[PDB]
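Take a look at the structure below.
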Amino acid sequence: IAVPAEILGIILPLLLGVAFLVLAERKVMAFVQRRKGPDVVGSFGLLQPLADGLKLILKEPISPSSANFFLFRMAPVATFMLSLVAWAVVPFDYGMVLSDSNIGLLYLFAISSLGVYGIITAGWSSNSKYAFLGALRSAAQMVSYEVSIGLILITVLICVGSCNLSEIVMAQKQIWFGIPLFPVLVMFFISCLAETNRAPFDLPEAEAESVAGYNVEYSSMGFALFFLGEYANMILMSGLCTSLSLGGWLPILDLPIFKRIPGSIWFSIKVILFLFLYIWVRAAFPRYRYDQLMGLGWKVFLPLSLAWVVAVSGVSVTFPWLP
Amino acid sequence: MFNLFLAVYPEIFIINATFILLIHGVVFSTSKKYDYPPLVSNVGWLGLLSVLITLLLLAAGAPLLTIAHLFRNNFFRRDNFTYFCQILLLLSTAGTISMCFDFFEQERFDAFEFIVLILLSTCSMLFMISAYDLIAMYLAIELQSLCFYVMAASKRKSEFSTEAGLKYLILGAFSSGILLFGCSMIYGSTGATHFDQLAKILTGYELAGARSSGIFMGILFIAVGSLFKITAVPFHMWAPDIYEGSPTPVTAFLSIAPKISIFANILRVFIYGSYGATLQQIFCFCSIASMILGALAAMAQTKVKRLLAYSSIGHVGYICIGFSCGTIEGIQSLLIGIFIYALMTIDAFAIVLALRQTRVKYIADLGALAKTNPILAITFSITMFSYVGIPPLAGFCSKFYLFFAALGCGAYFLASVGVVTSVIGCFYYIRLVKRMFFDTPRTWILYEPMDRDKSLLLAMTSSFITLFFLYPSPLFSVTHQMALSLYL
Amino acid sequence: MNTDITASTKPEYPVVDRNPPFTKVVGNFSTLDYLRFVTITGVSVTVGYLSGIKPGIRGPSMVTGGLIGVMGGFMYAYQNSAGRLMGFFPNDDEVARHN
Amino acid sequence: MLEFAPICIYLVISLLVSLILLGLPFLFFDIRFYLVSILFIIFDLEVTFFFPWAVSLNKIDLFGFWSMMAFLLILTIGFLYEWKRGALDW
Amino acid sequence: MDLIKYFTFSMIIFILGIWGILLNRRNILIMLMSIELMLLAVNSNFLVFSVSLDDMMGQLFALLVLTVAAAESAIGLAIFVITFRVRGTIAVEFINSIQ
Amino acid sequence: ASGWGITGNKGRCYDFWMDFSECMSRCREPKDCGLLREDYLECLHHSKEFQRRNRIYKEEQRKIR
Amino acid sequence: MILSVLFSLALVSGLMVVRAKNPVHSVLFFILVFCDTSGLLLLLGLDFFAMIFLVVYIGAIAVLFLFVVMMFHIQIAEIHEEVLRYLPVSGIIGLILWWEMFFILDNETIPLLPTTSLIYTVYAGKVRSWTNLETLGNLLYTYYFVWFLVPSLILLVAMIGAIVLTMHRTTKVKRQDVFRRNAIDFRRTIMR
Amino acid sequence: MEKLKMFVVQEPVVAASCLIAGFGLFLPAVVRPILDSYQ
Amino acid sequence: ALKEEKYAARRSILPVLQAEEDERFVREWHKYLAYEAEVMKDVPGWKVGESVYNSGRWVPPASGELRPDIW
Amino acid sequence: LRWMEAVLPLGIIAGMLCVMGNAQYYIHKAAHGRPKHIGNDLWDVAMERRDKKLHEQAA
Amino acid sequence: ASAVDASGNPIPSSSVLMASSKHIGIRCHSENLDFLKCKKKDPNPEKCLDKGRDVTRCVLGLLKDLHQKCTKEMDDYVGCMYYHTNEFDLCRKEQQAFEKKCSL
């Protein structure tokens, strides 16, 4: 019926957006670094993702024969499932949701919790022990920063009585929650940066460095699926950031000239600014050591998140400012 | 402090004192300014002080513990029975803390987290004794269970400690699962969790029938969990191994403190709520097994800790005969036996910790003790005879009053099995006394003197045990009043 | 949230008030309650000092004992004052003051 | 409920597309990790308790708010224990 | 019918945990896993009973059982880690020093 | 049974439970509340109603046969 | 039908947990049976409890088990025993428990034999539908705060035990310090 | 005072978190009763 | 305020919806009682829609399905 | 305009988000005849079923 | 969204009722309260169906009177309350147009 059509219309444009997102990351990083990104495969490099995908498809696969063939193959499948089903709930405007779950926030938190298993199984199923150690490190980092992310979600849930993203936005109608909670938004942005192993806290992508990663053993399509899952998670958490601290499909100042824009355009624009911030932070800053980032996650963001939860609860309970 | 919390000042004070002690110990044990001092002794002294202060609070605020009756009715109900049970529990905890001080300094066990867990577990047993619901019961039981897991496995590099911790872990988790399934069955087939609601639903209808089969299974599984908590032979297999493997203060605390709390919980969940002849039959079978196999296995033991564990199992079997009669005199006998057994166990484990200085392991190690330490030999022989049930000492009082409750019980089979077991199990106590007094071994194990902390406690306990037959009226009256106040 | 102050056992002495406020109970502290607080705090401080000599932290041990003793003694004094003011204890003096 | 059927169909379609993507070419020790996991368990339980509290702040009064604050204080002391012991360091 | 099916499933999971404990003689981690399966069956029974009986006590106590099971799993894996480090292996015949 | 319903309202038969509890509190003999205890259990499990419906179904099926 | 499929998958996953040769496979099938139980909770209507099962059981406890199992690197013939010998006792005990389930079901919970048209809809409690999360929070934080504060003590005990059991600070290892003078002020110096 | 300043310099994030938590606990402990009395 | 407006609008509509549902349920229950009587008339000692409960206190018929309203 | 050429791939991502959202919205609208409701609950489901039955009875 | 049967009859529906909620609660608060009181006294639908019949009569009469008073405004209001599932915030101009014709 219409549900498979909606699911396909969510999934395929998401893959196109991920491809153009890696292309945009290349272009923005190059323009930052006083150079030009992919410009020779199509006009302005618009066909570069297509060429890359076709090359990856046409590349002949190799079988590691690691005695864990099923677990080796299914881990990128698992993370791809997790990214897609996480994207299954995010709203885009008033009524553009597949599952209008009343517990949408906790659903996304649970899906983020499940995300470590793909990397853990990928590291274990690989023959090399370096990949296993890197997978363990990445899993632990995602664990700590997801604890921080959950505390930030609790702050937002204190601000808004409901638990579904659509009603969250409907409450965001007034002040966007970013004006009241800009430090909370900053902490959530850094936590989601460390959640997807992007920007600083980039352990798996430091392959030229001694940490190596969990994708060393993986073949063409395994690596491609892991990359697609990571970038889909990046877009997902940018959407989470804009739905939580920027009002989602809501204009600025509620002027009637701004209401001519559908609102899905507003959500897309905010997601684009968040992705630009992702690439900006990745290009502009060095990376943390594993111990440094773990101590920072467990000692800097967790106490601050707890303190902000307490402060928001105290502000809301004391005054009649409660929903 | 709003006036409802008059009902929970002892628990609140003990919790806050535990938190303060934990913070102080960590901040001054991770301190490079000093030489990373061993704070176990300081934290233990402060914890003993906190136990004494909360004991004073609970004793003086006897009518104030009943404040906010309906407000606290969901979680717990406090009365004279719980008051006296908590008084005895605090006394036992204070004695255990005081008598384990010398173990710390000499054996270098300098983790104040042991004292922190002592305090937290004591609060858990307080909540258990007060508990009046199927939820607070489980929460308190699990709190002490986790505390005791960490306690048994406290010595990290010790193979015995690690193995005992793993065994106690697995078996306690199994018992928790069984008890949880029983609670689930009762909730599903009854609709109730509060003890008053269970009593109202269950009274007037026997548990053995086509109706309330789920209720019967839930009650049986909860009884199984409680029996595991008291080391009955169908579920006793953990008690000797963990009692031996865990450090001696840990096993002393395990043998002394949880017994009274679990038995008060059993009285409040079974005698009041689910009072029915099938439960007394279950505990009758458990008591028969406990006495018989405790005597049989302790006859074959050659280690002091294992012999103490099996003696504890047998005395739990006697407490179980007292329960399985389930009358006014039966419950009074249960309380008398619990008090006497706690006193005797405190005595025995104080003597064991006194002999721990020279690392006593076997029964033969304390041989020729009548020459090196005469008064200690007489004291330990008096304790062994009290365990036997020889009249002039305190153990015989609980013994004959249990047997009298069994004769008025109608359980002639139970009384005969108990007395035959009492005759059978005298042999290993007599063997201990022989080892101290009669044998002339080729080589002697000289034992270093005691600490004052253990010496004062041992002197008081031995004086109480030896001279209890001159004046048992206070204990008998208190236990009778507690048994009467269980219902009205 | 509804709260009920009714106790299971009836007070054996005349009740000045069933649920006295915290400030009123604190202000009801007689010289005996102050002696209770002082004795408990002093016992705790002395125990802390005597136990902290071996580790080497006498000041810190006295401080920890002082906090513990202040908490315990204040709890005991408040308990006695409230029990007297609700009629659970022989509150002859404040019953006379109320009369 | 009635809203998780689209989630199930989405999961099935995601499985299908992942399998298709895989099959396209075929046509042609350390205690620190354990400590981190234990902290994860503790703070997952924390957040699980926060969720209903945060949702129902409007119904629960200062009683509920202070009960949650006491819960945090009991568990924040454990966090101070973690910090001072050295469990948060690597 | 739904209650019958749910109760049957929960009882089957309980029996399956029992069978795991029974069959896994030389395996101890699977014994702990069977215990956790027993815990899951208990939680499912409490939740389904709460749903059927229209009472909220089952949900409360299921949440508390979840918290307790998580804490006991943490403690149990600590015991497992320290044991394996002490004796270098997880085999049962190395954990039979007490008899 | 506590009155806290699964949907935030009154329990399904917390009223039956309270009727039974009041009978037990004001009764001279616990067998006086046998009928109310039976009502509470019947609400809890629907045993008697389900048996009646099952025997009606059995008669309907055997009439068809 | 969906319920039958779900607990058939759950039973198969549990059997694989019981009889799995590799503990890692045991953890994975444990994750699978937790997912099936979560689906059963969706069918029941407890969305919050299903999500928290995912978060805690699937996330926390299961990553703990996975970490410890993989880090052990348990080999075969170290944990290995023939299952045929224990088959009779397992069958007898399972049959006894199944017979007890039979007796429990035969008396209390009688299944209903075939309904929809007879559903009486109150419409009174549906004006403001309280969610499971909302009701649980209201109850747990207003009127059952003691049973909520006690698990905090349990978690504190668990953390203290985990530290006192599995803590090993490095005796002699240099630790980087960022509070040095060259990092703080860094006065420039020259050779002259 | 000097030790407090040194601690704030050495560990600014924990000091900021403590101040935020203190404010959050201080609003309902004092300002909420003040507003209740004012109303 | 908006949610209170919606709930107030819901409450005013509730009596007529409840009346319609009550009439529908009465019709269906009368049909079921007629069916039960016509299928159960043969056996002696059978009442017509007898309540297994006591002391009145009418309750809706049990459905046999857990939470039928949510679906 | 170089910055515009560099942001052009981002515009494709924004367009993809808009396309997925709007295609979902219009497929659901065509399937049910009305835009999807986000505040629905048991009451809304019951009312929509009653509306469907009443309209199919009237027609 | 039709709000009208073939022969001018007002379909009860839910959009029509939600549009006429304020008018219903103002006109016949009385027997709505009476029916709620009877439901509280006895939850059995059969014991007092007369109160429900009176409530239904009030609602049907009000719907007919409102439809025959203003038709275009009421039809637009019901259509926009069917397009958006009884969301008052998304239908403000239609609601205001309805208010002016049939004053409360």
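Naming works like this for the structure tokens: A, B, ... for the chains as they're shown, residue 1 at the start of each chain, ligands 1 onward in shown order.
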
For range 33-44 of chain A, list every protein, DNA or RNA residue within 10 Å, evaluated using only C-alpha atoms, and leave out those in the same chain fewer than 4 positions away; present the list as a PDB file with N, CA and C atoms, in the first residue's frame.
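Everything below was put into part23.pdb:
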```
ATOM      1  N   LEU A  23      30.000  14.663  -0.751  1.00  0.00           N
ATOM      2  CA  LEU A  23      30.487  15.603  -1.761  1.00  0.00           C
ATOM      3  C   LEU A  23      30.593  17.020  -1.199  1.00  0.00           C
ATOM      4  N   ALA A  24      29.583  17.455  -0.441  1.00  0.00           N
ATOM      5  CA  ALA A  24      29.596  18.792   0.140  1.00  0.00           C
ATOM      6  C   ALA A  24      30.681  18.925   1.196  1.00  0.00           C
ATOM      7  N   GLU A  25      30.946  17.857   1.945  1.00  0.00           N
ATOM      8  CA  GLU A  25      32.047  17.880   2.899  1.00  0.00           C
ATOM      9  C   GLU A  25      33.370  18.089   2.181  1.00  0.00           C
ATOM     10  N   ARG A  26      33.581  17.365   1.078  1.00  0.00           N
ATOM     11  CA  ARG A  26      34.791  17.575   0.289  1.00  0.00           C
ATOM     12  C   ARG A  26      34.883  19.016  -0.196  1.00  0.00           C
ATOM     13  N   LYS A  27      33.787  19.537  -0.752  1.00  0.00           N
ATOM     14  CA  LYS A  27      33.813  20.885  -1.314  1.00  0.00           C
ATOM     15  C   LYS A  27      34.075  21.935  -0.240  1.00  0.00           C
ATOM     16  N   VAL A  28      33.401  21.825   0.905  1.00  0.00           N
ATOM     17  CA  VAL A  28      33.552  22.817   1.962  1.00  0.00           C
ATOM     18  C   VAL A  28      34.946  22.745   2.570  1.00  0.00           C
ATOM     19  N   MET A  29      35.459  21.533   2.802  1.00  0.00           N
ATOM     20  CA  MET A  29      36.809  21.400   3.338  1.00  0.00           C
ATOM     21  C   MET A  29      37.839  21.963   2.367  1.00  0.00           C
ATOM     22  N   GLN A  48      30.227  13.377  -9.085  1.00  0.00           N
ATOM     23  CA  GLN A  48      31.262  12.664  -8.339  1.00  0.00           C
ATOM     24  C   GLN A  48      30.700  11.581  -7.425  1.00  0.00           C
ATOM     25  N   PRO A  49      29.640  11.816  -6.639  1.00  0.00           N
ATOM     26  CA  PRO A  49      29.075  10.700  -5.859  1.00  0.00           C
ATOM     27  C   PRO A  49      28.594   9.549  -6.723  1.00  0.00           C
ATOM     28  N   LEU A  50      28.002   9.843  -7.882  1.00  0.00           N
ATOM     29  CA  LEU A  50      27.560   8.780  -8.778  1.00  0.00           C
ATOM     30  C   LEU A  50      28.744   7.968  -9.286  1.00  0.00           C
ATOM     31  N   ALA A  51      29.819   8.647  -9.690  1.00  0.00           N
ATOM     32  CA  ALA A  51      31.006   7.940 -10.160  1.00  0.00           C
ATOM     33  C   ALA A  51      31.617   7.092  -9.052  1.00  0.00           C
ATOM     34  N   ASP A  52      31.686   7.636  -7.835  1.00  0.00           N
ATOM     35  CA  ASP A  52      32.241   6.882  -6.715  1.00  0.00           C
ATOM     36  C   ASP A  52      31.405   5.645  -6.412  1.00  0.00           C
ATOM     37  N   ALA A 283      37.112  20.574   9.825  1.00  0.00           N
ATOM     38  CA  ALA A 283      38.229  21.175   9.108  1.00  0.00           C
ATOM     39  C   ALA A 283      39.051  22.116   9.978  1.00  0.00           C
ATOM     40  N   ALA A 284      38.443  22.728  10.994  1.00  0.00           N
ATOM     41  CA  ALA A 284      39.098  23.814  11.712  1.00  0.00           C
ATOM     42  C   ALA A 284      39.854  23.378  12.962  1.00  0.00           C
TER      43      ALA A 284
ATOM     44  N   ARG J   2      31.818  31.760  -5.678  1.00  0.00           N
ATOM     45  CA  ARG J   2      32.524  30.515  -5.396  1.00  0.00           C
ATOM     46  C   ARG J   2      31.947  29.831  -4.163  1.00  0.00           C
ATOM     47  N   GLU J   5      28.947  28.048  -5.297  1.00  0.00           N
ATOM     48  CA  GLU J   5      29.270  26.788  -5.960  1.00  0.00           C
ATOM     49  C   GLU J   5      29.675  25.714  -4.958  1.00  0.00           C
ATOM     50  N   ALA J   6      30.306  26.108  -3.851  1.00  0.00           N
ATOM     51  CA  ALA J   6      30.680  25.143  -2.821  1.00  0.00           C
ATOM     52  C   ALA J   6      29.486  24.699  -1.984  1.00  0.00           C
ATOM     53  N   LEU J   8      26.451  24.557  -3.205  1.00  0.00           N
ATOM     54  CA  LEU J   8      25.515  23.881  -4.102  1.00  0.00           C
ATOM     55  C   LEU J   8      25.259  22.418  -3.749  1.00  0.00           C
ATOM     56  N   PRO J   9      26.256  21.593  -3.403  1.00  0.00           N
ATOM     57  CA  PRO J   9      25.929  20.234  -2.941  1.00  0.00           C
ATOM     58  C   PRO J   9      25.062  20.202  -1.693  1.00  0.00           C
TER      59      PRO J   9
END
```

request  = Extract, using only C-alpha atoms, all DNA, RNA and protein residues at most 8 Å from range 65-75 of chain C, discarding same-chain residues fewer than 3 positions from it, and format them as a ChimeraX atom specification.
outcome  = /B:9,13,17,20,46,50,53-54 /C:36-49,61-62,78-79

inquiry  = If I take CA of residue 42 in chain K and CA of residue 14 in chain I, how far is one from the other in Å, to one decimal?
reply    =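 These atoms are spaced 16.9 Å apart.
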
query = Which residue gives the smallest distance to chain G among E:39, E:32, E:45, E:75, with only C-alpha atoms counted?
reply = E:75

query = Near residue 51 in chain E, counting only C-alpha atoms, which residues have an atom at most 7 Å away, once you skip same-chain residues fewer than 4 positions from it, shown as a PyMOL selection string?
reply = (chain E and resi 47+55) or (chain F and resi 6)

Now that the selection is made, can you save its residues with N, CA, C and O atoms as a JSON list (two decimals), in the first residue's frame?
```json
[["chain", "number", "residue", "atom", "x", "y", "z"],
["E", 47, "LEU", "N", 4.68, -7.34, 33.91],
["E", 47, "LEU", "CA", 4.08, -6.38, 33.00],
["E", 47, "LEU", "C", 2.74, -6.88, 32.46],
["E", 47, "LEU", "O", 1.76, -6.12, 32.42],
["E", 55, "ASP", "N", -3.79, -2.62, 36.99],
["E", 55, "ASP", "CA", -3.13, -2.11, 38.18],
["E", 55, "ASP", "C", -1.71, -1.70, 37.82],
["E", 55, "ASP", "O", -1.06, -2.34, 36.99],
["F", 6, "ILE", "N", -4.35, 1.44, 34.84],
["F", 6, "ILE", "CA", -3.29, 1.35, 33.85],
["F", 6, "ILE", "C", -3.28, 2.57, 32.93],
["F", 6, "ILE", "O", -2.26, 2.85, 32.29]]
```

task = Identify, with DSSP run on backbone atoms, the residues in chain F assigned to helix (DSSP H, G or I), and express the list as a PyMOL selection string.
result = chain F and resi 14-26+30-45+47-64

Output of the above residues as a CSV table (one decimal), in the first residue's frame, restricted to N, CA and C atoms:
```csv
chain,number,residue,atom,x,y,z
F,14,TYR,N,-11.1,-1.9,41.5
F,14,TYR,CA,-10.7,-1.4,42.8
F,14,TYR,C,-12.0,-1.1,43.6
F,15,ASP,N,-13.1,-0.9,43.0
F,15,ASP,CA,-14.4,-0.7,43.7
F,15,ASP,C,-14.8,-2.1,44.3
F,16,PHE,N,-14.6,-3.2,43.5
F,16,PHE,CA,-14.9,-4.5,44.1
F,16,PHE,C,-14.0,-4.8,45.2
F,17,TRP,N,-12.7,-4.5,45.1
F,17,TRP,CA,-11.7,-4.7,46.1
F,17,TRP,C,-12.1,-3.9,47.4
F,18,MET,N,-12.5,-2.7,47.2
F,18,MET,CA,-12.9,-1.9,48.4
F,18,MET,C,-14.2,-2.4,49.0
F,19,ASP,N,-15.1,-2.9,48.2
F,19,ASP,CA,-16.3,-3.5,48.8
F,19,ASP,C,-15.9,-4.7,49.7
F,20,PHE,N,-15.0,-5.5,49.1
F,20,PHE,CA,-14.6,-6.7,49.9
F,20,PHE,C,-13.8,-6.3,51.2
F,21,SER,N,-13.0,-5.2,51.1
F,21,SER,CA,-12.2,-4.8,52.2
F,21,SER,C,-13.1,-4.2,53.3
F,22,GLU,N,-14.1,-3.4,52.9
F,22,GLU,CA,-15.0,-2.9,53.9
F,22,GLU,C,-15.8,-4.0,54.6
F,23,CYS,N,-16.3,-5.0,53.8
F,23,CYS,CA,-16.9,-6.2,54.4
F,23,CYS,C,-16.1,-6.9,55.4
F,24,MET,N,-14.8,-7.1,55.0
F,24,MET,CA,-13.9,-7.7,55.9
F,24,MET,C,-13.6,-6.9,57.2
F,25,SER,N,-13.6,-5.6,57.1
F,25,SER,CA,-13.3,-4.7,58.2
F,25,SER,C,-14.5,-4.6,59.1
F,26,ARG,N,-15.7,-4.7,58.6
F,26,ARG,CA,-16.9,-4.6,59.4
F,26,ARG,C,-17.7,-5.9,59.6
F,30,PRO,N,-15.3,-14.1,58.7
F,30,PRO,CA,-14.7,-13.9,57.4
F,30,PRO,C,-15.4,-14.6,56.3
F,31,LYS,N,-16.2,-15.6,56.6
F,31,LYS,CA,-17.0,-16.3,55.5
F,31,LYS,C,-18.2,-15.4,55.0
F,32,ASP,N,-18.5,-14.3,55.8
F,32,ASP,CA,-19.6,-13.4,55.3
F,32,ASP,C,-19.2,-12.7,54.0
F,33,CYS,N,-17.9,-12.5,53.8
F,33,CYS,CA,-17.5,-11.8,52.6
F,33,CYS,C,-17.0,-12.8,51.5
F,34,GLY,N,-17.5,-14.0,51.6
F,34,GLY,CA,-17.2,-15.0,50.5
F,34,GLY,C,-17.7,-14.5,49.1
F,35,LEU,N,-18.9,-14.0,49.1
F,35,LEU,CA,-19.5,-13.6,47.8
F,35,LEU,C,-18.7,-12.4,47.2
F,36,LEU,N,-18.3,-11.5,48.1
F,36,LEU,CA,-17.5,-10.3,47.6
F,36,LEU,C,-16.1,-10.7,47.2
F,37,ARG,N,-15.5,-11.7,47.9
F,37,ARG,CA,-14.2,-12.2,47.5
F,37,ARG,C,-14.3,-12.9,46.1
F,38,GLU,N,-15.4,-13.7,46.0
F,38,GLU,CA,-15.7,-14.3,44.7
F,38,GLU,C,-15.8,-13.3,43.6
F,39,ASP,N,-16.6,-12.2,43.8
F,39,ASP,CA,-16.7,-11.2,42.8
F,39,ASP,C,-15.4,-10.5,42.5
F,40,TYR,N,-14.6,-10.2,43.5
F,40,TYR,CA,-13.3,-9.6,43.2
F,40,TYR,C,-12.4,-10.6,42.3
F,41,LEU,N,-12.3,-11.8,42.7
F,41,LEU,CA,-11.5,-12.8,41.9
F,41,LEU,C,-12.1,-13.0,40.5
F,42,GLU,N,-13.4,-13.0,40.4
F,42,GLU,CA,-14.1,-13.1,39.1
F,42,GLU,C,-13.7,-12.0,38.2
F,43,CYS,N,-13.8,-10.7,38.7
F,43,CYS,CA,-13.3,-9.6,38.0
F,43,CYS,C,-11.8,-9.7,37.6
F,44,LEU,N,-11.0,-10.2,38.5
F,44,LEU,CA,-9.6,-10.3,38.3
F,44,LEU,C,-9.3,-11.3,37.1
F,45,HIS,N,-10.0,-12.4,37.1
F,45,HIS,CA,-9.6,-13.4,36.1
F,45,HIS,C,-10.7,-13.8,35.1
F,47,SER,N,-13.1,-15.8,35.2
F,47,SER,CA,-13.2,-17.3,35.1
F,47,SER,C,-14.6,-17.7,34.9
F,48,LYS,N,-15.5,-17.3,35.7
F,48,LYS,CA,-16.9,-17.7,35.6
F,48,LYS,C,-17.6,-17.3,34.3
F,49,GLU,N,-17.4,-16.0,34.0
F,49,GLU,CA,-17.9,-15.5,32.7
F,49,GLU,C,-17.4,-16.2,31.5
F,50,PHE,N,-16.0,-16.5,31.5
F,50,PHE,CA,-15.4,-17.2,30.4
F,50,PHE,C,-15.9,-18.6,30.3
F,51,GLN,N,-16.2,-19.3,31.5
F,51,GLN,CA,-16.7,-20.6,31.5
F,51,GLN,C,-18.1,-20.6,30.9
F,52,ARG,N,-18.9,-19.6,31.3
F,52,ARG,CA,-20.3,-19.5,30.8
F,52,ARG,C,-20.3,-19.3,29.3
F,53,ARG,N,-19.4,-18.4,28.8
F,53,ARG,CA,-19.4,-18.2,27.3
F,53,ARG,C,-18.9,-19.5,26.6
F,54,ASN,N,-17.9,-20.2,27.3
F,54,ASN,CA,-17.4,-21.4,26.7
F,54,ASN,C,-18.4,-22.5,26.6
F,55,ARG,N,-19.3,-22.7,27.6
F,55,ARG,CA,-20.3,-23.7,27.6
F,55,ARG,C,-21.4,-23.3,26.6
F,56,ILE,N,-21.7,-22.0,26.4
F,56,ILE,CA,-22.6,-21.6,25.4
F,56,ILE,C,-22.1,-21.9,24.0
F,57,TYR,N,-20.8,-21.7,23.8
F,57,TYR,CA,-20.1,-22.0,22.5
F,57,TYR,C,-20.2,-23.5,22.3
F,58,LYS,N,-19.9,-24.3,23.3
F,58,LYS,CA,-20.0,-25.7,23.2
F,58,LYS,C,-21.4,-26.2,22.8
F,59,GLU,N,-22.4,-25.7,23.4
F,59,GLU,CA,-23.8,-26.1,23.0
F,59,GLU,C,-24.1,-25.6,21.6
F,60,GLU,N,-23.6,-24.4,21.2
F,60,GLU,CA,-23.8,-24.0,19.8
F,60,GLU,C,-23.1,-24.9,18.8
F,61,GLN,N,-21.9,-25.3,19.1
F,61,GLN,CA,-21.2,-26.2,18.2
F,61,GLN,C,-21.8,-27.6,18.1
F,62,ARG,N,-22.2,-28.1,19.3
F,62,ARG,CA,-22.8,-29.5,19.3
F,62,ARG,C,-24.1,-29.5,18.7
F,63,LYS,N,-24.9,-28.4,18.7
F,63,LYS,CA,-26.1,-28.3,18.0
F,63,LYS,C,-25.9,-28.3,16.5
F,64,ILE,N,-24.8,-27.6,16.0
F,64,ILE,CA,-24.5,-27.6,14.6
F,64,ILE,C,-24.1,-29.1,14.2
```

ask   = CA of residue 66 in chain E and CA of residue 33 in chain D are how many Å apart?
value =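 About the pair CA of residue 66 in chain E and CA of residue 33 in chain D: they are 22.5 Å apart.
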